[PDB]
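Structure data (mmCIF, C-alpha atoms) from input_20.cif:
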```cif
data_coords
#
loop_
_atom_site.group_PDB
_atom_site.id
_atom_site.type_symbol
_atom_site.label_atom_id
_atom_site.label_comp_id
_atom_site.auth_asym_id
_atom_site.auth_seq_id
_atom_site.Cartn_x
_atom_site.Cartn_y
_atom_site.Cartn_z
ATOM 1 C CA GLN K 495 -46.561 7.973 20.446
ATOM 2 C CA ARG K 496 -44.811 6.836 17.272
ATOM 3 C CA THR K 497 -44.015 9.986 15.284
ATOM 4 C CA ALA K 498 -42.429 9.830 11.828
ATOM 5 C CA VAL K 499 -40.153 12.871 11.937
ATOM 6 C CA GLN K 500 -39.126 14.034 8.461
ATOM 7 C CA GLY K 501 -36.387 16.475 7.519
ATOM 8 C CA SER K 502 -32.738 16.678 6.622
ATOM 9 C CA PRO K 503 -30.349 14.120 8.179
ATOM 10 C CA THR K 504 -28.435 16.948 9.858
ATOM 11 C CA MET K 505 -31.751 17.809 11.531
ATOM 12 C CA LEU K 506 -32.782 14.231 12.335
ATOM 13 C CA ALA K 507 -29.387 13.771 13.980
ATOM 14 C CA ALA K 508 -29.981 16.657 16.380
ATOM 15 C CA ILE K 509 -33.568 15.568 17.051
ATOM 16 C CA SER K 510 -32.562 11.964 17.730
ATOM 17 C CA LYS K 511 -29.369 12.970 19.643
ATOM 18 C CA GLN K 512 -27.575 10.504 17.369
ATOM 19 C CA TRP K 513 -25.825 10.649 13.996
ATOM 20 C CA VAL K 514 -27.856 9.214 11.213
ATOM 21 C CA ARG K 515 -26.488 9.032 7.666
ATOM 22 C CA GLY K 516 -25.964 12.375 5.970
ATOM 23 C CA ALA K 517 -25.632 14.694 8.923
ATOM 24 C CA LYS K 518 -22.949 17.297 9.451
ATOM 25 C CA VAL K 519 -19.785 16.015 11.085
ATOM 26 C CA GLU K 520 -17.501 17.292 13.837
ATOM 27 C CA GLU K 521 -13.891 16.794 12.730
ATOM 28 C CA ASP K 522 -11.832 18.332 15.528
ATOM 29 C CA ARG K 523 -8.189 17.567 14.710
ATOM 30 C CA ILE K 524 -7.715 14.790 17.321
ATOM 31 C CA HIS K 525 -8.713 11.166 17.242
ATOM 32 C CA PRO K 526 -12.178 9.950 18.341
ATOM 33 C CA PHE K 527 -10.666 6.966 20.181
ATOM 34 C CA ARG K 528 -8.731 9.396 22.382
ATOM 35 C CA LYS K 529 -11.904 10.977 23.766
ATOM 36 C CA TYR K 530 -13.568 9.535 26.845
ATOM 37 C CA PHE K 531 -17.244 8.603 26.946
ATOM 38 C CA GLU K 532 -18.485 11.944 28.263
ATOM 39 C CA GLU K 533 -16.697 13.994 25.583
ATOM 40 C CA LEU K 534 -17.616 11.785 22.630
ATOM 41 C CA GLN K 535 -20.474 13.380 20.766
ATOM 42 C CA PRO K 536 -22.663 11.592 18.203
ATOM 43 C CA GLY K 537 -21.236 13.054 15.033
ATOM 44 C CA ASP K 538 -17.561 13.005 16.017
ATOM 45 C CA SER K 539 -16.118 11.966 12.693
ATOM 46 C CA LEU K 540 -12.773 10.869 11.310
ATOM 47 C CA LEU K 541 -11.590 10.737 7.710
ATOM 48 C CA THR K 542 -8.874 8.092 7.654
ATOM 49 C CA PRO K 543 -5.907 7.976 5.271
ATOM 50 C CA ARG K 544 -6.321 5.833 2.193
ATOM 51 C CA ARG K 545 -5.053 2.359 1.335
ATOM 52 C CA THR K 546 -4.613 1.004 -2.183
ATOM 53 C CA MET K 547 -5.969 -2.513 -2.562
ATOM 54 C CA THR K 548 -3.632 -4.650 -4.644
ATOM 55 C CA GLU K 549 -3.342 -8.259 -5.749
ATOM 56 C CA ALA K 550 -0.795 -8.871 -2.982
ATOM 57 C CA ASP K 551 -3.400 -7.794 -0.410
ATOM 58 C CA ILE K 552 -5.827 -10.407 -1.768
ATOM 59 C CA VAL K 553 -3.090 -13.055 -1.775
ATOM 60 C CA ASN K 554 -1.902 -12.335 1.772
ATOM 61 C CA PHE K 555 -5.428 -12.220 3.179
ATOM 62 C CA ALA K 556 -6.525 -15.405 1.390
ATOM 63 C CA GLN C 495 34.908 32.114 18.711
ATOM 64 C CA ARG C 496 34.533 28.585 20.062
ATOM 65 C CA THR C 497 32.880 28.361 23.487
ATOM 66 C CA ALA C 498 32.265 25.215 25.524
ATOM 67 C CA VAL C 499 28.877 26.016 27.044
ATOM 68 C CA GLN C 500 28.131 23.988 30.185
ATOM 69 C CA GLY C 501 24.803 23.477 31.892
ATOM 70 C CA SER C 502 21.717 21.321 31.945
ATOM 71 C CA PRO C 503 20.485 19.857 28.632
ATOM 72 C CA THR C 504 17.228 21.804 28.936
ATOM 73 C CA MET C 505 19.382 24.945 29.033
ATOM 74 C CA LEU C 506 21.717 23.927 26.197
ATOM 75 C CA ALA C 507 18.615 23.215 24.117
ATOM 76 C CA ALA C 508 17.378 26.777 24.513
ATOM 77 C CA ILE C 509 20.856 28.258 24.050
ATOM 78 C CA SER C 510 21.509 26.330 20.849
ATOM 79 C CA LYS C 511 17.836 26.546 19.674
ATOM 80 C CA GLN C 512 17.857 22.777 19.188
ATOM 81 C CA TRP C 513 16.931 19.720 21.255
ATOM 82 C CA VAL C 514 19.911 18.016 22.722
ATOM 83 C CA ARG C 515 19.595 14.792 24.727
ATOM 84 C CA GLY C 516 17.700 15.272 27.956
ATOM 85 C CA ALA C 517 15.898 18.565 27.591
ATOM 86 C CA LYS C 518 12.310 19.167 28.566
ATOM 87 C CA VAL C 519 9.938 18.338 25.742
ATOM 88 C CA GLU C 520 6.801 19.952 24.355
ATOM 89 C CA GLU C 521 4.480 16.956 24.238
ATOM 90 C CA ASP C 522 1.223 18.278 22.830
ATOM 91 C CA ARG C 523 -2.087 16.729 21.830
ATOM 92 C CA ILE C 524 -1.414 16.324 18.085
ATOM 93 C CA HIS C 525 1.243 14.565 16.009
ATOM 94 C CA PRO C 526 4.536 16.316 15.095
ATOM 95 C CA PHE C 527 4.366 14.874 11.573
ATOM 96 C CA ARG C 528 1.114 16.828 11.125
ATOM 97 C CA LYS C 529 2.750 20.206 11.792
ATOM 98 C CA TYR C 530 4.218 22.346 9.040
ATOM 99 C CA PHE C 531 7.805 23.573 9.121
ATOM 100 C CA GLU C 532 7.173 26.993 10.668
ATOM 101 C CA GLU C 533 5.080 25.517 13.500
ATOM 102 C CA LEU C 534 7.587 22.802 14.405
ATOM 103 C CA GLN C 535 9.752 23.665 17.375
ATOM 104 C CA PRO C 536 12.879 21.762 18.434
ATOM 105 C CA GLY C 537 11.513 19.767 21.331
ATOM 106 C CA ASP C 538 8.171 18.755 19.807
ATOM 107 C CA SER C 539 8.087 15.211 21.115
ATOM 108 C CA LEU C 540 5.959 12.095 20.710
ATOM 109 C CA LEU C 541 5.699 9.107 23.035
ATOM 110 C CA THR C 542 4.623 6.388 20.626
ATOM 111 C CA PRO C 543 2.600 3.321 21.645
ATOM 112 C CA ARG C 544 4.485 0.131 22.333
ATOM 113 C CA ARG C 545 5.104 -2.922 20.180
ATOM 114 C CA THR C 546 6.048 -6.265 21.702
ATOM 115 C CA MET C 547 8.921 -7.944 19.888
ATOM 116 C CA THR C 548 8.247 -11.648 19.480
ATOM 117 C CA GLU C 549 9.717 -14.656 17.715
ATOM 118 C CA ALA C 550 7.207 -14.292 14.869
ATOM 119 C CA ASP C 551 8.518 -10.762 14.305
ATOM 120 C CA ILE C 552 12.081 -12.106 13.978
ATOM 121 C CA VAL C 553 10.921 -14.855 11.609
ATOM 122 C CA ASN C 554 8.875 -12.577 9.350
ATOM 123 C CA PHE C 555 11.623 -9.964 9.162
ATOM 124 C CA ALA C 556 14.330 -12.539 8.394
#
```
How would this structure read if it were set down as structure tokens?
Amino acid sequence: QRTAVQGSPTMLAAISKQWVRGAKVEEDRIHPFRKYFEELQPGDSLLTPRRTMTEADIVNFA
Amino acid sequence: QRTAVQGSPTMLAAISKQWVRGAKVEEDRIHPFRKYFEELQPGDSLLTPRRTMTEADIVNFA
């Protein structure tokens, strides 16, 4: 049965057992690529440090 | 008073409240550059990932 489940993305994430777009995140102080498969949860997030794009970046990549 | 304290480096580290050369280390799960000053201890170690030195490395650095 194809059911169109509505609701908040933090609810659709827990219904779908996935992470969708605007769900709550689980930032837990260590890196997601350090976790094994069984301890990765859908929602394990990571806010990376920034990087300023410059003209030298464009030149070196081109 | 000057005292030449002998012993193992893991003992001289705890006597001098420093880390010396061959003491036991407190390798934990997170990065020592993430800790503040009051939660750094002398002995907070980090085994970094490797980097293979190649001829291209020598050329680009020269």
Shell around region 510-519 of chain K at 8 Å using only C-alpha atoms, local window under 3 positions removed, as a short mmCIF file (atom, residue, chain, number, x, y, z; two decimals) with C-alpha atoms, in the coordinates of the input:
```
data_model
loop_
_atom_site.label_atom_id
_atom_site.label_comp_id
_atom_site.auth_asym_id
_atom_site.auth_seq_id
_atom_site.Cartn_x
_atom_site.Cartn_y
_atom_site.Cartn_z
CA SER K 502 -32.74 16.68 6.62
CA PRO K 503 -30.35 14.12 8.18
CA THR K 504 -28.44 16.95 9.86
CA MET K 505 -31.75 17.81 11.53
CA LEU K 506 -32.78 14.23 12.34
CA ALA K 507 -29.39 13.77 13.98
CA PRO K 536 -22.66 11.59 18.20
CA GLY K 537 -21.24 13.05 15.03
CA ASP K 538 -17.56 13.00 16.02
CA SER K 539 -16.12 11.97 12.69
#
```
Could you check which of C:509, C:540, C:556, C:524 is closest to chain K, using only C-alpha atoms?
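The closest residue to chain K is C:524.
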Select residues of chain K: the criterion is any atom within 12 Å of an atom of chain C, counting all atoms listed in the file; output as a ChimeraX atom specification.
/K:522-525,528-529
Chain C in the frame of chain K after Cα least-squares fit, as an mmCIF file with C-alpha atoms, keeping the file's coordinate frame:
```
data_model
loop_
_atom_site.group_PDB
_atom_site.id
_atom_site.type_symbol
_atom_site.label_atom_id
_atom_site.label_comp_id
_atom_site.auth_asym_id
_atom_site.auth_seq_id
_atom_site.Cartn_x
_atom_site.Cartn_y
_atom_site.Cartn_z
ATOM 1 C CA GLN C 495 -46.524 7.853 20.680
ATOM 2 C CA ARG C 496 -44.870 6.931 17.389
ATOM 3 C CA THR C 497 -44.002 9.896 15.159
ATOM 4 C CA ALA C 498 -42.446 9.770 11.697
ATOM 5 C CA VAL C 499 -40.157 12.798 11.848
ATOM 6 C CA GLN C 500 -39.208 14.128 8.403
ATOM 7 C CA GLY C 501 -36.415 16.506 7.512
ATOM 8 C CA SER C 502 -32.766 16.701 6.606
ATOM 9 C CA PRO C 503 -30.383 14.148 8.169
ATOM 10 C CA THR C 504 -28.486 16.938 9.933
ATOM 11 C CA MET C 505 -31.797 17.829 11.592
ATOM 12 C CA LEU C 506 -32.815 14.251 12.422
ATOM 13 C CA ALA C 507 -29.385 13.816 14.005
ATOM 14 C CA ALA C 508 -29.993 16.682 16.412
ATOM 15 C CA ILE C 509 -33.598 15.643 17.065
ATOM 16 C CA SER C 510 -32.669 12.053 17.860
ATOM 17 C CA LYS C 511 -29.338 13.027 19.556
ATOM 18 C CA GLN C 512 -27.560 10.529 17.310
ATOM 19 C CA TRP C 513 -25.780 10.615 13.949
ATOM 20 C CA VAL C 514 -27.893 9.303 11.165
ATOM 21 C CA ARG C 515 -26.556 8.977 7.613
ATOM 22 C CA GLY C 516 -25.757 12.319 6.051
ATOM 23 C CA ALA C 517 -25.602 14.764 8.919
ATOM 24 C CA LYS C 518 -22.942 17.394 9.355
ATOM 25 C CA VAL C 519 -19.949 16.054 11.235
ATOM 26 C CA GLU C 520 -17.674 17.440 13.932
ATOM 27 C CA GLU C 521 -14.279 16.693 12.419
ATOM 28 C CA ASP C 522 -11.764 17.952 14.954
ATOM 29 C CA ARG C 523 -7.987 17.873 15.247
ATOM 30 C CA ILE C 524 -7.655 14.771 17.463
ATOM 31 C CA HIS C 525 -8.768 11.145 17.189
ATOM 32 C CA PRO C 526 -12.245 10.035 18.380
ATOM 33 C CA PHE C 527 -10.756 6.873 19.896
ATOM 34 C CA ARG C 528 -8.719 9.149 22.190
ATOM 35 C CA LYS C 529 -11.798 10.800 23.714
ATOM 36 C CA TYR C 530 -13.502 9.475 26.820
ATOM 37 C CA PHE C 531 -17.194 8.615 26.897
ATOM 38 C CA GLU C 532 -18.491 11.916 28.280
ATOM 39 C CA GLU C 533 -16.558 13.957 25.696
ATOM 40 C CA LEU C 534 -17.693 11.895 22.707
ATOM 41 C CA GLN C 535 -20.550 13.448 20.788
ATOM 42 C CA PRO C 536 -22.621 11.676 18.125
ATOM 43 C CA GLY C 537 -21.100 13.137 14.996
ATOM 44 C CA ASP C 538 -17.435 13.020 16.031
ATOM 45 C CA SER C 539 -16.019 11.929 12.702
ATOM 46 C CA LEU C 540 -12.680 10.829 11.271
ATOM 47 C CA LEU C 541 -11.562 10.831 7.644
ATOM 48 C CA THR C 542 -8.925 8.110 7.683
ATOM 49 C CA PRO C 543 -5.980 7.967 5.266
ATOM 50 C CA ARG C 544 -6.316 5.765 2.226
ATOM 51 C CA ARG C 545 -5.055 2.265 1.522
ATOM 52 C CA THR C 546 -4.667 0.971 -2.022
ATOM 53 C CA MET C 547 -6.054 -2.527 -2.467
ATOM 54 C CA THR C 548 -3.716 -4.621 -4.586
ATOM 55 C CA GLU C 549 -3.292 -8.213 -5.699
ATOM 56 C CA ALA C 550 -0.713 -8.825 -2.959
ATOM 57 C CA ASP C 551 -3.337 -7.784 -0.404
ATOM 58 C CA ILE C 552 -5.768 -10.383 -1.798
ATOM 59 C CA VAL C 553 -3.053 -13.055 -1.791
ATOM 60 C CA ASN C 554 -1.857 -12.379 1.757
ATOM 61 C CA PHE C 555 -5.391 -12.253 3.137
ATOM 62 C CA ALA C 556 -6.435 -15.472 1.378
#
```
